[PDB]
file work_34.csv (CSV, C-alpha atoms and all ligand atoms)
chain,number,residue,atom,x,y,z
A,88,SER,CA,19.2,-8.4,9.7
A,89,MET,CA,22.8,-7.9,10.9
A,90,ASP,CA,26.2,-8.7,9.4
A,91,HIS,CA,29.2,-10.0,11.4
A,92,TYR,CA,26.8,-11.1,14.2
A,93,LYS,CA,26.9,-14.4,16.0
A,94,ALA,CA,25.1,-14.8,19.3
A,95,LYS,CA,24.6,-17.9,21.4
A,96,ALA,CA,20.8,-17.7,21.7
A,97,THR,CA,17.8,-15.7,20.5
A,98,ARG,CA,17.5,-12.2,21.9
A,99,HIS,CA,14.1,-10.5,22.4
A,100,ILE,CA,14.5,-6.7,22.4
A,101,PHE,CA,11.6,-4.6,23.9
A,102,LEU,CA,12.0,-0.9,23.0
A,103,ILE,CA,9.7,1.3,25.1
A,104,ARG,CA,9.1,5.0,24.2
A,105,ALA,CA,8.9,7.3,27.2
A,106,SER,CA,5.5,8.3,28.4
A,107,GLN,CA,3.8,11.7,28.0
A,108,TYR,CA,5.7,14.5,29.7
A,109,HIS,CA,5.9,18.3,30.3
A,110,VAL,CA,7.5,19.3,27.0
A,111,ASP,CA,7.7,23.0,28.1
A,112,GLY,CA,9.6,22.3,31.3
A,113,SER,CA,12.2,25.0,31.7
A,114,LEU,CA,15.0,22.8,33.0
A,115,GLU,CA,15.6,19.1,32.5
A,116,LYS,CA,14.5,18.5,36.0
A,117,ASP,CA,11.1,20.0,35.0
A,118,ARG,CA,10.5,17.7,32.0
A,119,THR,CA,8.6,15.2,34.1
A,120,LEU,CA,5.8,12.9,33.2
A,121,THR,CA,2.3,14.3,33.1
A,122,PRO,CA,-0.3,12.5,35.3
A,123,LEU,CA,-1.5,10.7,32.1
A,124,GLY,CA,2.1,9.8,31.3
A,125,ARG,CA,2.4,8.2,34.7
A,126,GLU,CA,-0.8,6.2,33.9
A,127,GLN,CA,0.7,5.2,30.6
A,128,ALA,CA,3.9,3.9,32.2
A,129,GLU,CA,1.7,1.9,34.7
A,130,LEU,CA,-0.1,0.3,31.8
A,131,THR,CA,3.1,-0.6,30.0
A,132,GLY,CA,4.5,-2.1,33.2
A,133,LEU,CA,1.4,-4.2,33.8
A,134,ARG,CA,1.6,-5.5,30.2
A,135,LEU,CA,5.4,-6.4,30.4
A,136,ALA,CA,4.8,-8.2,33.7
A,137,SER,CA,1.9,-10.2,32.3
A,138,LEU,CA,4.1,-11.7,29.6
A,139,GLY,CA,5.5,-14.4,31.9
A,140,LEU,CA,9.1,-13.5,31.0
A,141,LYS,CA,12.2,-13.1,33.1
A,142,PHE,CA,13.8,-9.9,31.9
A,143,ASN,CA,17.6,-9.8,32.1
A,144,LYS,CA,17.9,-6.0,32.6
A,145,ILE,CA,16.3,-2.6,31.9
A,146,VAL,CA,18.6,-0.2,30.1
A,147,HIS,CA,17.2,3.4,30.0
A,148,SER,CA,18.0,6.8,28.8
A,149,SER,CA,19.1,9.3,31.5
A,150,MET,CA,16.5,11.9,30.4
A,151,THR,CA,14.1,12.7,33.3
A,152,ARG,CA,11.0,11.3,31.5
A,153,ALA,CA,12.8,8.0,30.7
A,154,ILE,CA,14.0,7.7,34.3
A,155,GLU,CA,10.4,8.2,35.6
A,156,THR,CA,9.0,5.8,33.0
A,157,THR,CA,11.6,3.3,34.1
A,158,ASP,CA,10.8,3.8,37.8
A,159,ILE,CA,7.1,3.1,37.2
A,160,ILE,CA,7.7,0.1,34.9
A,161,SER,CA,10.4,-1.4,37.3
A,162,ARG,CA,7.8,-1.6,40.1
A,163,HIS,CA,6.1,-4.3,38.1
A,164,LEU,CA,9.3,-6.2,37.6
A,165,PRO,CA,10.9,-6.8,41.0
A,166,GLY,CA,14.5,-7.9,40.9
A,167,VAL,CA,15.3,-6.8,37.4
A,168,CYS,CA,18.3,-4.5,37.4
A,169,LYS,CA,18.3,-1.0,36.0
A,170,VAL,CA,21.2,0.6,34.0
A,171,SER,CA,21.2,4.3,33.0
A,172,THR,CA,23.0,5.4,29.9
A,173,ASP,CA,23.4,8.8,28.2
A,174,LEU,CA,23.8,6.9,24.9
A,175,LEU,CA,20.0,6.5,24.7
A,176,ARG,CA,19.0,10.1,25.2
A,177,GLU,CA,16.8,11.6,22.4
A,178,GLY,CA,18.3,12.7,19.2
A,179,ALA,CA,17.7,16.1,17.5
A,180,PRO,CA,14.5,16.5,15.5
A,181,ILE,CA,14.5,14.9,12.1
A,193,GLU,CA,22.8,22.8,13.7
A,194,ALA,CA,24.9,20.3,11.8
A,195,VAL,CA,27.4,19.5,14.5
A,196,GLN,CA,24.6,18.6,17.0
A,197,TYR,CA,23.2,16.2,14.4
A,198,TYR,CA,26.6,14.7,13.8
A,199,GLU,CA,27.0,14.1,17.6
A,200,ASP,CA,23.6,12.6,18.0
A,201,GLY,CA,24.0,10.3,15.0
A,202,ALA,CA,27.3,9.1,16.3
A,203,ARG,CA,25.9,8.5,19.8
A,204,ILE,CA,22.8,6.6,18.6
A,205,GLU,CA,25.0,4.5,16.3
A,206,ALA,CA,27.1,3.7,19.3
A,207,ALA,CA,24.0,2.7,21.2
A,208,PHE,CA,23.0,0.4,18.4
A,209,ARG,CA,26.4,-1.1,18.3
A,210,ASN,CA,26.7,-1.5,22.0
A,211,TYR,CA,23.2,-2.7,22.9
A,212,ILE,CA,21.8,-4.3,19.8
A,213,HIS,CA,24.6,-5.5,17.5
A,214,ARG,CA,26.9,-6.7,20.3
A,215,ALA,CA,26.5,-10.3,21.3
A,216,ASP,CA,27.3,-11.2,24.9
A,217,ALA,CA,29.8,-14.1,25.1
A,218,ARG,CA,28.3,-14.8,28.6
A,219,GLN,CA,24.8,-15.4,27.2
A,220,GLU,CA,23.6,-18.9,28.2
A,221,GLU,CA,19.9,-18.9,27.3
A,222,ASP,CA,17.4,-16.8,25.3
A,223,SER,CA,17.5,-13.3,26.6
A,224,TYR,CA,14.7,-10.7,27.1
A,225,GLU,CA,15.9,-7.1,27.3
A,226,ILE,CA,14.0,-3.9,27.9
A,227,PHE,CA,15.3,-0.5,26.6
A,228,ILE,CA,13.4,2.6,27.7
A,229,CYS,CA,14.2,5.6,25.5
A,230,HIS,CA,12.8,7.9,22.9
A,231,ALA,CA,11.1,8.1,19.4
A,232,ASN,CA,14.1,9.0,17.3
A,233,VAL,CA,16.4,6.5,19.1
A,234,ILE,CA,13.9,3.7,18.6
A,235,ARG,CA,13.3,4.7,14.9
A,236,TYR,CA,17.1,4.6,14.3
A,237,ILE,CA,17.5,1.3,16.0
A,238,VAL,CA,14.6,-0.4,14.3
A,239,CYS,CA,15.6,0.7,10.8
A,240,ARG,CA,19.3,-0.2,11.4
A,241,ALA,CA,18.4,-3.7,12.7
A,242,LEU,CA,16.0,-4.3,9.8
A,243,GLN,CA,18.3,-2.7,7.2
A,244,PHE,CA,15.6,-0.2,6.3
A,245,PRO,CA,16.8,3.1,4.7
A,246,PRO,CA,17.2,6.2,6.9
A,247,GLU,CA,14.3,7.9,5.1
A,248,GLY,CA,12.4,5.2,7.0
A,249,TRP,CA,12.8,6.9,10.4
A,250,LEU,CA,10.1,9.5,10.1
A,251,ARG,CA,7.7,6.9,8.6
A,252,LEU,CA,7.4,5.2,12.0
A,253,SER,CA,5.0,6.9,14.4
A,254,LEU,CA,5.4,5.6,17.9
A,255,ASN,CA,2.9,6.3,20.7
A,256,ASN,CA,3.9,7.3,24.3
A,257,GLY,CA,4.7,4.2,26.3
A,258,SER,CA,4.5,1.9,23.3
A,259,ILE,CA,6.3,-1.4,23.0
A,260,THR,CA,8.4,-2.3,19.9
A,261,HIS,CA,9.6,-5.9,19.9
A,262,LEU,CA,12.5,-7.1,17.8
A,263,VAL,CA,13.6,-10.8,17.7
A,264,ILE,CA,17.3,-11.4,16.9
A,265,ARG,CA,18.2,-14.9,15.9
A,266,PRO,CA,21.7,-16.2,16.7
A,267,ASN,CA,22.9,-15.7,13.1
A,268,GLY,CA,21.8,-12.1,13.0
A,269,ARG,CA,18.4,-12.5,11.3
A,270,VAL,CA,16.1,-9.9,12.8
A,271,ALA,CA,12.3,-10.0,12.9
A,272,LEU,CA,9.9,-7.2,13.8
A,273,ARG,CA,7.2,-8.8,15.9
A,274,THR,CA,5.5,-5.5,16.9
A,275,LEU,CA,6.0,-1.8,16.4
A,276,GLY,CA,4.4,0.9,18.5
A,277,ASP,CA,2.1,-1.5,20.4
A,278,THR,CA,-0.3,0.2,22.7
A,279,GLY,CA,-3.1,-2.3,22.4
A,280,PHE,CA,-3.0,-2.8,26.2
A,281,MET,CA,-4.0,0.8,26.8
A,282,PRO,CA,-7.6,2.1,26.6
A,283,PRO,CA,-8.0,4.4,23.6
A,284,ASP,CA,-8.7,7.4,25.8
A,285,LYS,CA,-5.1,7.0,27.3
A,286,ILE,CA,-3.2,6.8,24.0
A,287,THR,CA,-1.1,9.8,23.0
A,288,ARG,CA,1.9,10.7,20.8
A,289,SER,CA,2.8,13.8,22.8
B,88,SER,CA,6.3,9.3,0.0
B,89,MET,CA,4.2,7.3,-2.4
B,90,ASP,CA,4.7,8.5,-6.0
B,91,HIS,CA,1.9,9.6,-8.3
B,92,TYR,CA,-0.5,9.8,-5.4
B,93,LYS,CA,-3.0,12.6,-4.8
B,94,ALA,CA,-5.9,12.1,-2.4
B,95,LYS,CA,-8.4,14.7,-1.1
B,96,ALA,CA,-8.1,13.6,2.6
B,97,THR,CA,-6.2,11.3,4.9
B,98,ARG,CA,-6.8,7.6,4.8
B,99,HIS,CA,-6.4,5.3,7.8
B,100,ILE,CA,-5.7,1.7,6.8
B,101,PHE,CA,-6.2,-1.1,9.3
B,102,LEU,CA,-4.7,-4.4,8.1
B,103,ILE,CA,-5.9,-7.4,10.2
B,104,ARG,CA,-4.2,-10.9,9.9
B,105,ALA,CA,-6.7,-13.7,9.9
B,106,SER,CA,-7.0,-15.7,13.2
B,107,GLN,CA,-5.7,-19.1,14.0
B,108,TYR,CA,-7.1,-21.8,11.7
B,109,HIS,CA,-7.0,-25.6,10.9
B,110,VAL,CA,-3.9,-25.5,8.7
B,111,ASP,CA,-4.3,-29.2,8.0
B,112,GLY,CA,-7.8,-28.9,6.6
B,113,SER,CA,-8.0,-31.1,3.5
B,114,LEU,CA,-10.2,-28.8,1.4
B,115,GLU,CA,-10.4,-25.0,1.7
B,116,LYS,CA,-13.8,-25.3,3.3
B,117,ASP,CA,-12.1,-27.3,6.0
B,118,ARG,CA,-9.5,-24.6,6.8
B,119,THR,CA,-11.8,-22.9,9.3
B,120,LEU,CA,-10.9,-21.0,12.5
B,121,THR,CA,-10.0,-23.0,15.6
B,122,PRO,CA,-11.9,-22.2,18.8
B,123,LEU,CA,-8.9,-20.1,19.9
B,124,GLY,CA,-9.0,-18.4,16.5
B,125,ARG,CA,-12.6,-17.4,17.1
B,126,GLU,CA,-11.6,-16.0,20.4
B,127,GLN,CA,-8.8,-14.0,18.8
B,128,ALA,CA,-11.3,-12.5,16.2
B,129,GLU,CA,-13.6,-11.6,19.0
B,130,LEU,CA,-10.8,-9.7,20.8
B,131,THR,CA,-9.9,-7.9,17.6
B,132,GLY,CA,-13.5,-6.9,16.9
B,133,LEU,CA,-13.9,-5.6,20.5
B,134,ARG,CA,-10.7,-3.5,20.1
B,135,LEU,CA,-11.7,-2.1,16.7
B,136,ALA,CA,-15.1,-1.1,18.0
B,137,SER,CA,-13.6,0.7,21.0
B,138,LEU,CA,-11.5,3.1,18.9
B,139,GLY,CA,-14.3,5.6,18.5
B,140,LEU,CA,-14.1,5.5,14.7
B,141,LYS,CA,-16.8,5.2,12.0
B,142,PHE,CA,-15.3,2.6,9.6
B,143,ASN,CA,-16.1,3.2,5.9
B,144,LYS,CA,-15.8,-0.4,4.8
B,145,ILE,CA,-14.4,-3.9,5.5
B,146,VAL,CA,-12.5,-5.5,2.6
B,147,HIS,CA,-11.6,-9.1,3.1
B,148,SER,CA,-9.9,-12.0,1.4
B,149,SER,CA,-12.2,-14.7,0.1
B,150,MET,CA,-10.3,-17.5,1.9
B,151,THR,CA,-12.4,-19.4,4.4
B,152,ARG,CA,-10.4,-18.2,7.5
B,153,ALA,CA,-10.6,-14.6,6.4
B,154,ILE,CA,-14.3,-14.8,5.8
B,155,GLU,CA,-14.8,-16.3,9.3
B,156,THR,CA,-12.6,-13.7,10.9
B,157,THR,CA,-14.5,-11.0,9.1
B,158,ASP,CA,-17.9,-12.5,10.2
B,159,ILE,CA,-16.9,-12.3,13.9
B,160,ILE,CA,-15.3,-8.8,13.7
B,161,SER,CA,-18.3,-7.5,11.8
B,162,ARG,CA,-20.6,-8.4,14.7
B,163,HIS,CA,-18.9,-5.6,16.6
B,164,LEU,CA,-19.3,-3.1,13.7
B,165,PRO,CA,-22.9,-2.8,12.7
B,166,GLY,CA,-23.6,-0.9,9.5
B,167,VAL,CA,-20.1,-1.3,8.1
B,168,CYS,CA,-20.3,-2.7,4.6
B,169,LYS,CA,-18.3,-5.8,3.7
B,170,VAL,CA,-16.6,-6.5,0.4
B,171,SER,CA,-15.0,-9.9,-0.6
B,172,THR,CA,-12.1,-10.0,-3.0
B,173,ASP,CA,-9.9,-12.7,-4.5
B,174,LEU,CA,-7.1,-10.1,-4.8
B,175,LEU,CA,-6.3,-10.4,-1.1
B,176,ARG,CA,-6.1,-14.2,-0.9
B,177,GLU,CA,-2.8,-15.5,0.5
B,193,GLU,CA,4.7,-24.3,-9.6
B,194,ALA,CA,7.1,-21.5,-10.4
B,195,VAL,CA,4.7,-19.8,-12.8
B,196,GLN,CA,1.9,-19.9,-10.2
B,197,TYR,CA,4.1,-18.4,-7.5
B,198,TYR,CA,5.1,-15.5,-9.8
B,199,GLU,CA,1.5,-14.8,-10.5
B,200,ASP,CA,0.6,-15.0,-6.9
B,201,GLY,CA,3.2,-12.3,-6.3
B,202,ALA,CA,1.9,-10.2,-9.2
B,203,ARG,CA,-1.6,-10.5,-7.6
B,204,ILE,CA,-0.3,-9.0,-4.3
B,205,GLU,CA,1.2,-6.0,-6.2
B,206,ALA,CA,-2.2,-5.6,-7.9
B,207,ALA,CA,-3.8,-5.6,-4.4
B,208,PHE,CA,-1.4,-2.8,-3.3
B,209,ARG,CA,-2.2,-0.8,-6.4
B,210,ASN,CA,-5.9,-1.3,-6.2
B,211,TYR,CA,-6.5,-0.8,-2.5
B,212,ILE,CA,-3.6,1.2,-1.2
B,213,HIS,CA,-2.1,3.3,-3.9
B,214,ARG,CA,-5.6,4.1,-5.4
B,220,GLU,CA,-13.4,14.4,0.7
B,221,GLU,CA,-13.3,13.5,4.4
B,222,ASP,CA,-10.9,11.3,6.3
B,223,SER,CA,-11.6,7.6,5.9
B,224,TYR,CA,-11.0,4.5,8.1
B,225,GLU,CA,-10.8,1.3,6.2
B,226,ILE,CA,-10.3,-2.3,7.4
B,227,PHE,CA,-8.6,-5.0,5.4
B,228,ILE,CA,-8.8,-8.6,6.7
B,229,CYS,CA,-6.4,-10.9,5.0
B,230,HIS,CA,-3.1,-12.7,5.4
B,231,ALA,CA,0.5,-12.4,6.5
B,232,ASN,CA,2.3,-12.3,3.2
B,233,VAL,CA,-0.2,-9.8,1.8
B,234,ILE,CA,0.0,-7.5,4.8
B,235,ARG,CA,3.8,-7.6,5.0
B,236,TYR,CA,4.1,-6.8,1.3
B,237,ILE,CA,1.7,-3.9,1.6
B,238,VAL,CA,3.5,-2.4,4.6
B,239,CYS,CA,6.9,-2.5,3.0
B,240,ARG,CA,5.6,-1.2,-0.3
B,241,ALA,CA,3.7,1.7,1.3
B,242,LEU,CA,6.7,2.7,3.4
B,243,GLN,CA,9.0,2.4,0.4
B,244,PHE,CA,11.2,-0.2,2.1
B,245,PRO,CA,13.3,-2.7,0.0
B,246,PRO,CA,11.4,-5.7,-1.5
B,247,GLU,CA,13.4,-8.1,0.7
B,248,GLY,CA,12.1,-6.3,3.9
B,249,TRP,CA,8.7,-8.0,3.9
B,250,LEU,CA,9.9,-11.3,5.3
B,251,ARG,CA,11.5,-9.5,8.3
B,252,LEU,CA,8.0,-8.7,9.7
B,253,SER,CA,6.4,-11.3,12.0
B,254,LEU,CA,2.6,-10.8,12.5
B,255,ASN,CA,0.5,-12.5,15.2
B,256,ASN,CA,-2.9,-14.0,14.3
B,257,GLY,CA,-5.6,-11.4,14.6
B,258,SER,CA,-3.1,-8.6,14.8
B,259,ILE,CA,-3.9,-5.0,13.9
B,260,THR,CA,-1.5,-3.0,11.6
B,261,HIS,CA,-2.3,0.7,11.2
B,262,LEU,CA,-1.0,2.8,8.3
B,263,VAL,CA,-1.8,6.5,7.7
B,264,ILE,CA,-1.7,7.9,4.2
B,265,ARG,CA,-1.7,11.7,4.0
B,266,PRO,CA,-3.1,13.5,1.0
B,267,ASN,CA,0.3,14.2,-0.5
B,268,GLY,CA,1.3,10.5,-0.3
B,269,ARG,CA,3.3,10.6,2.9
B,270,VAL,CA,2.8,7.3,4.8
B,271,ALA,CA,3.3,6.7,8.5
B,272,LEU,CA,3.3,3.3,10.2
B,273,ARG,CA,1.4,3.9,13.5
B,274,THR,CA,1.4,0.3,14.7
B,275,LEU,CA,2.5,-3.1,13.3
B,276,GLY,CA,1.3,-6.5,14.5
B,277,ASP,CA,-0.6,-5.1,17.5
B,278,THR,CA,-2.1,-7.8,19.8
B,279,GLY,CA,-1.6,-5.8,23.0
B,280,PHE,CA,-5.4,-6.1,23.6
B,281,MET,CA,-5.1,-9.9,23.8
B,282,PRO,CA,-4.2,-11.8,26.9
B,283,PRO,CA,-0.7,-13.4,26.4
B,284,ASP,CA,-2.1,-16.9,26.5
B,285,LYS,CA,-4.4,-16.1,23.5
B,286,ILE,CA,-1.6,-15.0,21.2
B,287,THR,CA,-0.4,-17.2,18.3
B,288,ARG,CA,1.4,-17.0,15.0
B,289,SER,CA,0.0,-20.2,13.6
A,301,NA,NA,12.6,14.5,30.2
A,302,NA,NA,20.8,-13.3,19.1
A,303,NA,NA,2.6,3.5,18.2
A,304,NA,NA,-8.8,-20.7,5.3
A,305,NA,NA,2.5,-9.3,15.6
A,306,NA,NA,-2.5,-13.5,18.4
call {"tool": "encode", "arguments": {"input": "work_34.csv", "output": "structure tokens", "more": "lines below"}}
Ligand code: NA
Ligand code: NA
Ligand code: NA
Ligand code: NA
Ligand code: NA
Ligand code: NA
result
Amino acid sequence: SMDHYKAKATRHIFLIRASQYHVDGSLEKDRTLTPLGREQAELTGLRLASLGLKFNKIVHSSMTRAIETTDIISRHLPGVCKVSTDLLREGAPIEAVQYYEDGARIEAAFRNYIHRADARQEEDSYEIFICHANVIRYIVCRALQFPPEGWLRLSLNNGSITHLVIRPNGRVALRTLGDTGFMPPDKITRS
Amino acid sequence: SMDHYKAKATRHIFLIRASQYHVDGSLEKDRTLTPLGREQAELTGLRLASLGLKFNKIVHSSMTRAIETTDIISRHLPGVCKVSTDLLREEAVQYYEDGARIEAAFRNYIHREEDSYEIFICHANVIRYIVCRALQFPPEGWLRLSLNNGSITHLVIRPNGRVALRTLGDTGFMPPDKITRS
């Protein structure tokens, strides 16, 4: 749960891990989704669209694989706006200064997108964030007040859905973590 | 990682919450699955059978709704043996002892030569406790987990006691209109 938090209605947070991609791509432009990663993103988009929810926005990491995952998912959610942010780019694997910078940035993402209540909120909101494993691990453990040793104990599949429910007073519930039950087992990967 | 733990191979633990049931049943024999609860259990059994795994055993709570959830899931898993236990069943002295029983379940089934795949069909408070205990999360954390009826929660315990949570509360294989929390 979160301290010093007061929102006007309940917020549903859907954290999506980017789909399978070309890890060995030389440049960032080369680190595109694999054919299977594209199929994974289609399955996640189908599932999100079947929920019968009006999503307020899709916020996504600016990494190539997150942009491409977002593009595919967004096809299933016509009219939902998309916002790119460098704050949700992946953090270094769990050089000291790079880790300092990543920790500060992902904390800023948590504060800006998760802990921040929108004074303009007028009804329950449903928000999609398409990003990366370490970012999602950090956000989940911070929101639930789990220790940082918890990050590596969460093992998230490509394209998986993690669903947090934030009540107006800051109580946070974990409804699902790493959900890929909507994918056939022969399409499920971790990298 | 879990302390004082040394296994010979990796253990996959699938924790299944019982399906929707008649909460207002007067006696325990009356607290049976609803028609939708039976459909949920069928969906979970279909999913478990599709994973390409040979399950070593199904351990289940002796509560009526867990027995009936197990009966349906087991139809999809021929040859997998079933074990009933009171340890997994869901004033002040009775509540303390119920809590002590859940810690005993954790010690007996979780903390205790080839990789194994084990199914445990039980209840929300038991599963949430086990998840937070295995992941070494604070004791207050359990109530922050919200599990759907018939959901699959998947823990992996490595031989050195390292634990990973692969999924929690998965009902992605159910159509949205079949999903319930009570
Ligand atoms: Na990329
Ligand atoms: Na809220
Ligand atoms: Na996962
Ligand atoms: Na029952
Ligand atoms: Na759930
Ligand atoms: Na359900």
call {"tool": "interface_residues", "arguments": {"input": "work_34.csv", "of": "chain A", "to": "chain B", "cutoff": "12 Å", "atoms": "only C-alpha atoms", "output": "count of residues only"}}
result
60
call {"tool": "residues_around", "arguments": {"input": "work_34.csv", "residues": "residue 267 in chain B", "least_positions_apart": "3", "cutoff": "10 Å", "atoms": "all atoms listed in the file", "output": "PyMOL selection string"}}
result
chain B and resi 88-97+264+270
call {"tool": "residues_near_ligand", "arguments": {"input": "work_34.csv", "ligand": "ligand NA 301 (chain A)", "cutoff": "8 Å", "atoms": "all atoms listed in the file", "output": "list in words"}}
result
residues 108, 109, 110, 115, 116, 117, 118, 119, 120, 150, 151, 152 and 153 of chain A
call {"tool": "write_last_selection", "arguments": {"input": "work_34.csv", "atoms": "C-alpha atoms", "output": "compact mmCIF listing (two decimals), keeping the file's coordinate frame"}}
result
# COMPACT_ATOMS: atom_id res chain seq x y z
CA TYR A 108 5.70 14.50 29.70
CA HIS A 109 5.90 18.30 30.30
CA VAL A 110 7.50 19.30 27.00
CA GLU A 115 15.60 19.10 32.50
CA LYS A 116 14.50 18.50 36.00
CA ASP A 117 11.10 20.00 35.00
CA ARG A 118 10.50 17.70 32.00
CA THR A 119 8.60 15.20 34.10
CA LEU A 120 5.80 12.90 33.20
CA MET A 150 16.50 11.90 30.40
CA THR A 151 14.10 12.70 33.30
CA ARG A 152 11.00 11.30 31.50
CA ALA A 153 12.80 8.00 30.70
call {"tool": "residues_near_ligand", "arguments": {"input": "work_34.csv", "ligand": "ligand NA 302 (chain A)", "cutoff": "6 Å", "atoms": "all atoms listed in the file", "output": "PDB file with C-alpha atoms, in the coordinates of the input"}}
result
ATOM      1  CA  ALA A  94      25.100 -14.800  19.300  1.00  0.00           C
ATOM      2  CA  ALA A  96      20.800 -17.700  21.700  1.00  0.00           C
ATOM      3  CA  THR A  97      17.800 -15.700  20.500  1.00  0.00           C
ATOM      4  CA  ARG A  98      17.500 -12.200  21.900  1.00  0.00           C
ATOM      5  CA  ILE A 264      17.300 -11.400  16.900  1.00  0.00           C
ATOM      6  CA  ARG A 265      18.200 -14.900  15.900  1.00  0.00           C
ATOM      7  CA  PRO A 266      21.700 -16.200  16.700  1.00  0.00           C
TER       8      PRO A 266
END
call {"tool": "closest_residue", "arguments": {"input": "work_34.csv", "among": "B:147, B:213, B:141, B:125", "to": "residue 103 in chain B", "atoms": "all atoms listed in the file"}}
result
B:147
call {"tool": "residues_near_point", "arguments": {"input": "work_34.csv", "point": "(10.4, 0.8, 35.4)", "cutoff": "9 Å", "atoms": "all atoms listed in the file", "output": "VMD selection string"}}
result
chain A and resid 128 to 129 132 145 153 to 164 169 228
call {"tool": "write_last_selection", "arguments": {"input": "work_34.csv", "atoms": "C-alpha atoms", "output": "PDB file, in the coordinates of the input"}}
result
ATOM      1  CA  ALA A 128       3.900   3.900  32.200  1.00  0.00           C
ATOM      2  CA  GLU A 129       1.700   1.900  34.700  1.00  0.00           C
ATOM      3  CA  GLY A 132       4.500  -2.100  33.200  1.00  0.00           C
ATOM      4  CA  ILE A 145      16.300  -2.600  31.900  1.00  0.00           C
ATOM      5  CA  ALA A 153      12.800   8.000  30.700  1.00  0.00           C
ATOM      6  CA  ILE A 154      14.000   7.700  34.300  1.00  0.00           C
ATOM      7  CA  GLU A 155      10.400   8.200  35.600  1.00  0.00           C
ATOM      8  CA  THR A 156       9.000   5.800  33.000  1.00  0.00           C
ATOM      9  CA  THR A 157      11.600   3.300  34.100  1.00  0.00           C
ATOM     10  CA  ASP A 158      10.800   3.800  37.800  1.00  0.00           C
ATOM     11  CA  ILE A 159       7.100   3.100  37.200  1.00  0.00           C
ATOM     12  CA  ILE A 160       7.700   0.100  34.900  1.00  0.00           C
ATOM     13  CA  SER A 161      10.400  -1.400  37.300  1.00  0.00           C
ATOM     14  CA  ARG A 162       7.800  -1.600  40.100  1.00  0.00           C
ATOM     15  CA  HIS A 163       6.100  -4.300  38.100  1.00  0.00           C
ATOM     16  CA  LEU A 164       9.300  -6.200  37.600  1.00  0.00           C
ATOM     17  CA  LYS A 169      18.300  -1.000  36.000  1.00  0.00           C
ATOM     18  CA  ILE A 228      13.400   2.600  27.700  1.00  0.00           C
TER      19      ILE A 228
END
call {"tool": "closest_residue", "arguments": {"input": "work_34.csv", "among": "A:202, A:181, A:237, A:226", "to": "residue 142 in chain A", "atoms": "only C-alpha atoms"}}
result
A:226
call {"tool": "atom_distance", "arguments": {"input": "work_34.csv", "atom1": "CA of residue 285 in chain B", "atom2": "CA of residue 113 in chain B"}}
result
25.3 Å
call {"tool": "residues_around", "arguments": {"input": "work_34.csv", "residues": "residue 129 in chain B", "least_positions_apart": "5", "cutoff": "9 Å", "atoms": "only C-alpha atoms", "output": "ChimeraX atom specification"}}
result
/B:124,134,156,159-160,162-163
call {"tool": "residues_near_ligand", "arguments": {"input": "work_34.csv", "ligand": "ligand NA 304 (chain A)", "cutoff": "7 Å", "atoms": "all atoms listed in the file", "output": "PyMOL selection string"}}
result
chain B and resi 108+115+118-119+150-153
call {"tool": "residues_near_point", "arguments": {"input": "work_34.csv", "point": "(2.2, -8.2, -2.1)", "cutoff": "10 Å", "atoms": "all atoms listed in the file", "output": "PyMOL selection string"}}
result
chain B and resi 174-175+177+200-209+231-240+246+249
call {"tool": "atom_distance", "arguments": {"input": "work_34.csv", "atom1": "CA of residue 214 in chain B", "atom2": "CA of residue 100 in chain B"}}
result
12.4 Å
call {"tool": "atom_distance", "arguments": {"input": "work_34.csv", "atom1": "CA of residue 227 in chain B", "atom2": "CA of residue 100 in chain A"}}
result
28.7 Å
call {"tool": "closest_residue", "arguments": {"input": "work_34.csv", "among": "B:286, B:228, B:133, B:167", "to": "ligand NA 305 (chain A)", "atoms": "all atoms listed in the file"}}
result
B:286
